[PDB]
Amino acid sequence: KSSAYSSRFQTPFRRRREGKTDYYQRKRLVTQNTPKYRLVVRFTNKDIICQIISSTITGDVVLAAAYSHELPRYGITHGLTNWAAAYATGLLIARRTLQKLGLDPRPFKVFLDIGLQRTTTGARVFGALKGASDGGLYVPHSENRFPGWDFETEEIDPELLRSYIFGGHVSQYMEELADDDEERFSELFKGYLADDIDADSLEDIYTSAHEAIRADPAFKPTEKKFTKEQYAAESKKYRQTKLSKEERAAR
Amino acid sequence: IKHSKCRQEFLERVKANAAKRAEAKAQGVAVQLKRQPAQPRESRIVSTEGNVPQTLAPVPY
Amino acid sequence: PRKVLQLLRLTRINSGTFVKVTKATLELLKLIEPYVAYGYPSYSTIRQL
Amino acid sequence: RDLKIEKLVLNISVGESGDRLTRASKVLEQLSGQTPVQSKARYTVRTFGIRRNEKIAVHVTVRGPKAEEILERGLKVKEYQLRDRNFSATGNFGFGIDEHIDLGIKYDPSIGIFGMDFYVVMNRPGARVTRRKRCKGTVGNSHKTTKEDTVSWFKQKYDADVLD
Amino acid sequence: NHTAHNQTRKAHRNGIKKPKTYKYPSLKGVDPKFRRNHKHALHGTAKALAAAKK
RNA sequence: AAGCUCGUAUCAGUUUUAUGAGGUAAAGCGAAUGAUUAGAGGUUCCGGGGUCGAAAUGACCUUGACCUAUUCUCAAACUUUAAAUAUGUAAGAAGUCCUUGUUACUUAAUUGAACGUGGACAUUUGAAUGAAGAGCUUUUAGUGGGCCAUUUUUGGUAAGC
RNA sequence: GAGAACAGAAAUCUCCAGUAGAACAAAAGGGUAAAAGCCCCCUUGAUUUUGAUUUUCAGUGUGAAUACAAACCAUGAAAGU
RNA sequence: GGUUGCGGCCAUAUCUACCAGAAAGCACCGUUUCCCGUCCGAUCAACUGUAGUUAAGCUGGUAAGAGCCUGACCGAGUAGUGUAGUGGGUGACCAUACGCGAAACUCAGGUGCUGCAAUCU
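Protein chains in written order, with the working numbering: chain A, 5 to 255; chain B, 2 to 62; chain C, 55 to 103; chain D, 524 to 687; chain E, 72 to 125.
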């Protein structure tokens, strides 16, 4: 590329160059002297991140957070990325942010933020919406993108939508691998076989889990490992240094 | 479509004027809180024991 | 310059006023320079005026 | 960092619209097992008897192990010999075959004879970094394939020499 | 045809005065949802300063 | 002109401080763009058009559809940077702070918003200088062919243009 | 720019580079890159009531426009528009 | 101190080239019954964190690199300009008095800073 080319063009924003944030969508959400709250739900590999985030020109403020790795405290230890654990996390923030406001006074209202995930019906994103709306937040929505919505008619199946909450599409799929082709069933679900959790009891585990979330949402932190300063020492072992000019002049 | 500094800077000068009248009320002393333009500067003894002044001799051309 | 000659009360020709020297008033003399003659007066002239 | 085939693209370019466009569309359907997609023309040249947006030609893309059968059966028509160049700087190759009955078919006097273009694209694993939507990135030079790396790979399996 | 000569010297005979910025500016043009509330807000606080503090 | 309500009112063809806005002079062209004068041949790479035609395998024409492989030079309708002079706003009593009243708007929330009660802040009360008073209203005359000069300029070779 | 039967100066397909050199009904100048371009999906807000404001201006008209209020709606999971 | 989520200011953060990254975290990767979307489970959807990986991604370090940004008794008080005279010159234009004051260039130095929540030898 020529010299005058790189002198000319301006870069995008750093949070735009790195592909994380869509600045067309953010301007609608933030600009709505009252702090304006927003439900940010992100789905990576092996994790669920659900945060209620306000807005400030300093840059942001987080009111509450629920993570997937806190679910083993509540009794869900397997399959953390699926639809049903996403519903349980949506229940989880709703009890959590409400207790610190003491409402558990019209409703408390939050706006859903997706990110970049494409809106398809039956997505795992809106299970976090359904959990917060059942939990007690005013999250405005319509019954389009829930699973069990027919494209033909303007109707919903509450029986199928109850099923996906309690691990229906998982535990039915355990039944098709149990009778057929164990070699597939031995590879997947291996945490279920070691803990000896059969398929029908999986619906019993999620049902006790929502009773566990409404019991104690007070979020004890993980204790920690060694310290900050012990953790700061080992991280300095890998990180290099800058070079001075006199070291670079003779080079 | 914009926002303007000078008034918000004017507000900070009112805040500083609030403190100066509070201190002078405690210990009796004049406030002298008005601003002043630049004054003609004072006398000063200047001795150049470091550096003897040099001629310029406007030759150049 | 004509507004500045009124603000220093120099209405008619051969009229004179004392002016306190600040940074603010020095620029007022800087505009009306082709019309005024000024200097620093001693104790003798102020007593005689 | 192995050297898997991403996809196999099967193309046929026909000058006219009509039966000959629709007959060859059935050929690529029964061969690839997939319903093909058609492409319309961008503009009019009039040396070719075309107009804008006429659905001039068909193509179809195959991925996975089913594409490797179509390549291995197709390249035997070329008798395990490519020509010398045939390779991009990026790393990919294609070869065009006449007489689709060479890979055998019922004769089809209604359908007839067509010449299929083939093209192969090559990539290493880790190519989702470009094609994904969130946190898009570019593949580095050490992982970009080469024209060289296609020569080493294709000489090894399918037992061919390149040529010249 | 057109010239702007002597046009500055005419306007600076009576000077250029300001529109003198009254107390209590007129609420015509202010948002009507605010005007409808602010009608009732002054009504209660005139009643509350009548009976309570007297 | 007749005056009217008051009598230091807060204003000013001005500066200063604190911030805004601008894109001409100069700089820039080995930081993009950028003309101009003249044009040599390309019969389904066009057809913009003209007359014709009992048709369309249809003729006759013109600007040409196309610059096909050319160079160097700039600008009022080119730009990264950007003076001077002119220009907007602020320099407080209708203001600042403390305490808590009103509402049918706004907030998850008497939280905000807007307007206030009560209390505190005094002549250096918030730059300089000036003020033959400041503020306001009625009503009506004449005029609505202008020319000259310095400087910045457009058209015209150049004009008491 | 590099590759593919016929296939070439220009058909379709493929990949890398690509700050807009393209397109946005039309003059010219502004504006625009997960859009204001391009391709699809659903639609009628190109609706009702009449006030306020900006431009030319005597701060009259006319045309054009901007920000709300009261109604009913369209789209979207949603904020919004 | 290292990563992750959401950001503010938007190149000191870009671009090109090589080189390193214990830990945890992100990522690549595994599969196709259900929801869904295609010509194509590649993007998108679901399922599993189980079979495998730091080769990339990203993070960091380097390059008498390109670029960018701060500094300059650098250019230069030069160019330009406000005001003044019965100043000069046939003119073109130039001196002087009171003022304001550039730019490219040159050289020196720099190569992201940081807010909230959480997790880590």
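C-beta atoms are modelled at their ideal positions from N, C-alpha and C, and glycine is treated no differently.
Residue burial classification, residue i (beta-carbon count within 10 angstroms, cutoff 16)
| i | result |
| --- | --- |
| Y78 of chain A | buried |
| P221 of chain A | buried |
| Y603 of chain D | exposed |
| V643 of chain D | buried |
| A580 of chain D | buried |
| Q55 of chain A | buried |
| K134 of chain A | buried |
| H145 of chain A | exposed |
| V53 of chain B | exposed |
| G619 of chain D | exposed |
| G94 of chain A | buried |
| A119 of chain E | exposed |
| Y196 of chain A | buried |
Integer-rounded CB distance, given that residue j should sit under 8 angstroms from residue i
| i | j | result |
| --- | --- | --- |
| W153 of chain A | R128 of chain A | That belief does not hold up - the Cβ atoms of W153 of chain A and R128 of chain A are roughly 15 angstroms apart, past 8 angstroms. |
| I535 of chain D | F637 of chain D | 6 angstroms |
| residue 724 of chain D | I634 of chain D | Nothing in the structure corresponds to residue 724 of chain D, since chain D is present only between 524 and 687. |
| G140 of chain A | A98 of chain A | 5 angstroms |
| residue 514 of chain D | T613 of chain D | For chain D, the structure presents residues 524 to 687; residue 514 of chain D sits outside this window and is missing. |
| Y210 of chain A | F150 of chain A | Actually they do not touch by this definition, with Cβ atoms about 17 angstroms apart. |
| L84 of chain A | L96 of chain A | Their Cβ separation, rounded to whole angstroms, is 13 angstroms, which puts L84 of chain A and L96 of chain A out of contact at 8 angstroms. |
C-alpha distance - residue i paired with residue j, whole-angstrom precision
| i | j | result |
| --- | --- | --- |
| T76 of chain C | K91 of chain E | 32 angstroms |
| residue 261 of chain A | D138 of chain A | This structure gives no information on residue 261 of chain A, because the portion of chain A shown stretches from 5 to 255. |
| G617 of chain D | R655 of chain D | 26 angstroms |
| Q36 of chain A | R42 of chain A | 11 angstroms |
| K241 of chain A | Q234 of chain A | 12 angstroms |
| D183 of chain A | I528 of chain D | 35 angstroms |
| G23 of chain A | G572 of chain D | 45 angstroms |
| residue 1 of chain A | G131 of chain A | As displayed, chain A neither begins before 5 nor continues past 255, which places residue 1 of chain A out of reach and without an answer. |
| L59 of chain C | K89 of chain E | 25 angstroms |
| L544 of chain D | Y630 of chain D | 18 angstroms |
| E539 of chain D | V600 of chain D | 27 angstroms |
| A31 of chain B | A25 of chain B | 7 angstroms |
| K110 of chain E | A121 of chain E | 18 angstroms |
| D684 of chain D | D525 of chain D | 21 angstroms |
| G597 of chain D | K670 of chain D | 22 angstroms |
| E87 of chain C | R56 of chain C | 12 angstroms |
Among the options, the one whose alpha carbon lies nearest that of residue i
| i | options | result |
| --- | --- | --- |
| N609 of chain D | D:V674, D:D621, D:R651 | D:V674 |
| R606 of chain D | D:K678, D:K530, D:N576, D:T661 | D:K678 |
| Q37 of chain B | C:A78, C:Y94, C:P88 | C:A78 |
| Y27 of chain A | A:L120, A:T81, A:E233, A:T157 | A:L120 |
| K74 of chain C | C:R66, C:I67, C:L62, C:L85 | C:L62 |
| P41 of chain B | C:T99, C:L80, C:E87 | C:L80 |
| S72 of chain A | A:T48, A:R19, A:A8 | A:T48 |
| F115 of chain A | A:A253, A:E238, A:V44 | A:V44 |
| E591 of chain D | D:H666, D:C658, D:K530 | D:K530 |
| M178 of chain A | A:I201, A:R21, A:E163, A:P111 | A:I201 |
| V34 of chain A | A:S11, A:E156, A:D64, A:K5 | A:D64 |
| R657 of chain D | A:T25, A:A8, A:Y9 | A:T25 |
| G126 of chain A | A:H173, A:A92, A:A70, A:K249 | A:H173 |
| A69 of chain A | A:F230, A:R252, A:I53, A:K249 | A:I53 |
| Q553 of chain D | D:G587, D:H582, D:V685 | D:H582 |
| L626 of chain D | D:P648, D:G556, D:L594 | D:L594 |
| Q176 of chain A | A:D185, A:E207, A:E191 | A:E207 |
| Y168 of chain A | A:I57, A:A92, A:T245 | A:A92 |
Handout entry: Selection of the region 71–103 of chain C by Cβ proximity to chain B, strictly under 7 angstroms
Key = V75, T76, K77, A78
Exercise for the section: Report the residues of the region 639–666 of chain D with a CB closer than 9 angstroms to any CB of chain A, ordered along the chain. Expected result: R655, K656, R657, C658, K659, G660
Problem - Against chain C: residues of the region 36–62 of chain B by CB proximity under 9 angstroms - result: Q37, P38, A39, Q40, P41
Practice task
With 9 angstroms as the C-beta to C-beta threshold (strictly closer), list the residues of the region 92–124 of chain A near chain D in chain order.
Solution key: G119, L120, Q121, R122
Practice task
Check distances from the C-beta atoms of the region 12–25 of chain A to those of chain D and list, in chain order, the residues that come in under 9 angstroms.
Solution key: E22, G23, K24
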